[PDB]
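In what follows, chains are A, B, ... by sequence order, proteins preceding strands, each numbered from 1.
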Number of protein chains: 2
Amino acid sequence: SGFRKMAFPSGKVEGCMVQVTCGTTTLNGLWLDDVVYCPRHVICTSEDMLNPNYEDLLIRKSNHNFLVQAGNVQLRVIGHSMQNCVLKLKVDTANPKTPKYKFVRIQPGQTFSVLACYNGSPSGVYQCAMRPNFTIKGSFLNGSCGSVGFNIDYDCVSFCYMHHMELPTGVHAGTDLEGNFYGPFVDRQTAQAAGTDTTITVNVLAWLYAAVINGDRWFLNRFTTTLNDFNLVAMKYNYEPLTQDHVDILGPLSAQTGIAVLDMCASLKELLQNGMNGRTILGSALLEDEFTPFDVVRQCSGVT
Amino acid sequence: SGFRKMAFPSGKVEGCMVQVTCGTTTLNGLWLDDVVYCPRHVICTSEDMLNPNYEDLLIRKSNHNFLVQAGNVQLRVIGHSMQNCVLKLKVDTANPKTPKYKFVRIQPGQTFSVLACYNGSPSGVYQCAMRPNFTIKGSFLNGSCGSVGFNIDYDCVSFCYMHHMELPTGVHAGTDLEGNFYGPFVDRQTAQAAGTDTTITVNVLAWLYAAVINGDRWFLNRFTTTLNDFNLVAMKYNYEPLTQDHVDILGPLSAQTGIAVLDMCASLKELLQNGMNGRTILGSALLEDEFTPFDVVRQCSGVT
Ligand SMILES: O=C(Nc1ccccc1NS(=O)(=O)c1ccc(F)cc1)[C@@H](O)c1cccnc1
Ligand SMILES: O=C(Nc1ccccc1NS(=O)(=O)c1ccc(F)cc1)[C@@H](O)c1cccnc1
Ligand SMILES: [Cl-]
Ligand SMILES: [Cl-]
């Protein structure tokens, strides 16, 4: 028993973290095979960030201007290119620590682990969710750009996120490993604001299932509801609309607990309408939405 | 910016996780040099756990009865011994992945990362605090015993905890790496209950400092207080008594924010006496105490 915001073991990703320097800008890069992936704003100074024309800026740069360092050893850059908002530095040595990997573009509501890095060195690992507004609520400082988000399927690392920027509002924006930003964000020093941060309803429900599995069932009531009625309540509280796909995905949790999804929805509806009244669920005084139904099942079954 | 319950990168500890089987009991072991450390209840069946005489139980066991497996390779056990509540299995091969390590017995209130494991395979990593009642609020299932807690100082892993048991109340008990349990817990299937779970006041204060650093200062008031007056309030709310040592340890945080410790204490006093009134601090609706002043400083400065 017990329920924690649990990140994947980060060792396979630590083996890929390198330091990339271009001019006076130092950030993190991901070394997989003979390619180092990093944010393209490595070629900019804080002056260039106001309005950067990256194609023109990249042209004033050559292979020898990109300093890649894996630990204390210097990598030889034999090629460079811009794929959307990431630079791909071809090095002459394949990473001996490259794990089985994939680049996947995750959907909003899905979760992933972040290995926060500075100067190509890992400092910490935490669990995150891609918000419905395509931002993440991470912990990133200056020098953290190039820190990656990932998932692990037994021995295959699915790289899903690369850190690029913090918005003036304190939330984080970044790209997938092909350089495409999640959301409408651009890698420019300009006024950019995130949309409404809605709550991932299916995840809150999965976490109510985890709470019940873990002995916390004070919030369970004698009522039920319908998808349309529950969604009328969800809409008002800025919660994501719950679909039949979400009900289906909650099936394994519903089966293990013996609680129908619409019954759990009625409990959620009363928690929204009445609050927690000073009580906690899984040691939390608010409704947690950064655990997918897959995360709950994995944690409550010991998936290694 | 951003503030997360951030665990240490777990790679150095993944390289040490092995599977230990004795009879039909399978748990995790820590392989450092030519020694595998694991909980001694590996020699018990669920029948023995009612009242185990471990010396007598260990005597009916020989080196060949301890099956150690590092990944898919079998380790040869050439010696075995009982140190308090841990078995130390001498193997014929030193772990090539042994990092610089120490065994440290942490103090209540201090934090550490746990690499939860099943069958010698890591499944997740999360941050924890040793509660003032010597329990931990972890996420551990059957098969997780032998999962370790650690801290990292640049390249040295300080192993501080080994998981042994879950109490009937859902919290977790375990030992340091010398086999000594934290608290009054014994490795026996008997009625054991934890004491009062008090709140780590210095950690709540460090987290209020992190909140302020990260732009959240709604809770900051025009009042101050004294150590004795603040402690009168802390006592009633089952908060740990705040000492001058705690004030000193909060010095670096107090200096960076320009907020005196006793001023932060007065804000804490009003948060205890009045509640959060539906507001959040660092996305949390309760006072977080699982971040030491060192954790806040490290996270807010990027210690790798
Ligand atoms: O976004 C950051 N800073 C920042 C905050 C707010 C406005 C502007 C900047 N920096 S900037 O204009 O140079 C820039 C813009 C877009 C981009 F993709 C990278 C850099 C960046 O230094 C950072 C720090 C902390 C955690 N993550 C990222
Ligand atoms: O403590 C556990 N189970 C349990 C729960 C409650 C009462 C008894 C037992 N198990 S027992 O009597 O066999 C035992 C007792 C002491 C001990 F150190 C190891 C095993 C153990 O299987 C476990 C599971 C889940 C997460 N951590 C540990
Ligand atoms: Cl820059
Ligand atoms: Cl057992």
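- Surrounding CD of A/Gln107 are at most 12 heavy atoms belonging to other residues, nucleotides or ligands under 6.0 Å away.
- Listed by first and then second residue, the salt bridge (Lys or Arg N to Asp or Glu O under 4.0 Å) pairs that reach into residues 294-304 of chain A are A/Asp295-A/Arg298, sequence neighbours excluded.
- The shortest side-chain heavy-atom distance between A/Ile136 and A/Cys128 falls under the 4.5 Å cut-off.
- Among residues two or more places apart in sequence or in another chain, the salt bridge (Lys or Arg N to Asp or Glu O under 4.0 Å) test is passed with B/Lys269 by B/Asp229.
- Judged as a salt bridge (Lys or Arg N to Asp or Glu O under 4.0 Å), not a single pair has a partner in residues 243-253 of chain A (not counting sequence neighbours).
- Closest of all the heavy-atom pairs between B/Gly109 and B/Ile200 is CA-CD1, 3.7 Å.
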For A/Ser139 and B/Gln299, run side-chain hydrogen bond (donor to acceptor under 3.5 Å, both in side chains): C-alpha distance rounded to whole Å, both residues' side-chain angles, the deciding distance at 0.1 Å, then the answer. CA-CA 8 Å; A/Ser139 181; B/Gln299 196 172 156; 2.7 Å; yes
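- Taking A/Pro184 as the reference, nothing meets the side-chain contact (heavy atoms from CB on, under 4.5 Å) condition, with sequence neighbours excluded.
- Taking the ring axis of A/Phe219 as reference, the NZ or CZ atom of A/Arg279 does not stay both within 45° of it and closer than 6.0 Å to the ring centre.
- The residue from B/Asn214, B/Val297, B/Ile259 that alone fulfils the side-chain contact (heavy atoms from CB on, under 4.5 Å) condition with B/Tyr209 is B/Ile259.
- Interatomic distance, A/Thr196 OG1 to A/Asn238 CG, rounded to the nearest 0.5 Å: 6.0 Å.
- Checked by atom type, the side-chain pair A/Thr292/A/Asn203 shows no donor-acceptor distance below 3.5 Å.
- Separation of the A/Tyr161 and A/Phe159 ring centroids does not fall under the 6.0 Å cut-off.
- Taking the six-membered ring where the residue is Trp, B/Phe150 and B/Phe8 present tilted rings, their angle falling between 30° and 60°.
- Contact check for A/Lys5 versus B/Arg4: side-chain heavy atoms found under the 4.5 Å cut-off.
- Using a cutoff of 4.0 Å between basic side-chain nitrogens and carboxylate oxygens, B/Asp197 and B/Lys137 are scored as salt-bridged.
- The ring-ring contact (aromatic ring centres under 6.0 Å, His included) with A/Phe181 is formed by just one residue from the set A/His164, A/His172, A/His163; it is A/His164.
- To the nearest 0.5 Å, atom CH2 of residue B/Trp207 and atom CG of residue B/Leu282 are 6.0 Å apart.
- With a 6.0 Å radius and a threshold of 12 heavy atoms from other residues, nucleotides or ligands, A/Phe294 has its CZ atom at or below the threshold.
- To the nearest 0.5 Å, the span separating CG on A/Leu250 from CG on A/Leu208 amounts to 10.0 Å.
- A donor-acceptor contact under 3.5 angstrom links the side chains of B/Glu166 and A/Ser1, judged on distance only.
- Taking the ring centroids of B/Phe3 and B/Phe291, they lie under the 6.0 Å cut-off.
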In sequence, state the C-alpha distance, the side-chain angles, and the governing distance for A/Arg105 and A/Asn180, and then conclude on side-chain hydrogen bond (donor to acceptor under 3.5 Å, both in side chains). CA-CA 9 Å; A/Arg105 183 174 179 85; A/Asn180 293 119; 5.2 Å; no
Does A/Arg40 form a side chain to side chain contact (heavy atoms under 4.5 Å, CB included) with A/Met82? I'd like the steps, not just the answer. CA-CA 7 Å; A/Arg40 65 181 187 171; A/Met82 195 171 57; 3.6 Å; yes
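- Within the structure, salt bridge (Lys or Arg N to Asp or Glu O under 4.0 Å) contacts touching residues 212-225 of chain A (residues at least two apart or in different chains) do not occur.
- Contact record, B/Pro122 with B/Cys117: CA-SG, 3.6 Å, taken as the closest heavy-atom pair.
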Take A/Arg131 and A/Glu290 through the salt bridge (charged side-chain N to carboxylate O under 4.0 Å, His left out) test and state the conclusion after the steps. CA-CA 9 Å; A/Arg131 298 309 310 168; A/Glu290 300 212 341; 3.1 Å; yes
Is there a side chain to side chain contact (heavy atoms under 4.5 Å, CB included) between B/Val204 and B/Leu271? Walk through the geometry before answering. CA-CA 11 Å; B/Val204 171; B/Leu271 280 170; over 6 Å; no
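- Rounding to the nearest 0.5 Å gives a distance of 6.5 Å between OH of A/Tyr118 and OG of A/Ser147.
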Does the ring pair (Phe, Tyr, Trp, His ring centres under 6.0 Å) test come out yes or no for A/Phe103 and A/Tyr37, once each step is laid out? CA-CA 12 Å; A/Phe103 293 164; A/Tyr37 301 85; 5.1 Å; yes
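- Nearest heavy-atom pair, A/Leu27 versus A/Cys145, reported as atom, atom and distance to 0.1 Å: CB-O, 3.4 Å.
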Show the numbers, then the answer: is there a side chain to side chain contact (heavy atoms under 4.5 Å, CB included) between A/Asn231 and A/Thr201? CA-CA 10 Å; A/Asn231 280 340; A/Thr201 316; 5.8 Å; no
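- The nearest pair of heavy atoms linking A/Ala194 to A/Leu167 is CB-CD1, 4.5 Å.
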Could you walk me through whether A/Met17 and A/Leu115 pass the side chain to side chain contact (heavy atoms under 4.5 Å, CB included) test, one step at a time? CA-CA 9 Å; A/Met17 302 308 302; A/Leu115 177 64; 3.9 Å; yes
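- The distance from atom OG1 of A/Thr304 to atom CD1 of A/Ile152, rounded to the nearest 0.5 Å, is 11.0 Å.
- In this structure, a donor-acceptor pair under 3.5 Å is present between the side chains of B/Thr135 and B/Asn133.
- Within 6.0 Å of CE on A/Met235 lie no more than 12 heavy atoms contributed by other residues, nucleotides or ligands.
- Around CG of B/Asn277, the count of heavy atoms belonging to other residues, nucleotides or ligands within 6.0 Å exceeds 12.
- Applying the side-chain contact (heavy atoms from CB on, under 4.5 Å) rule to A/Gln83 yields the partners A/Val86, A/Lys88, A/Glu178; only residues at least two apart in sequence or on another chain are considered.
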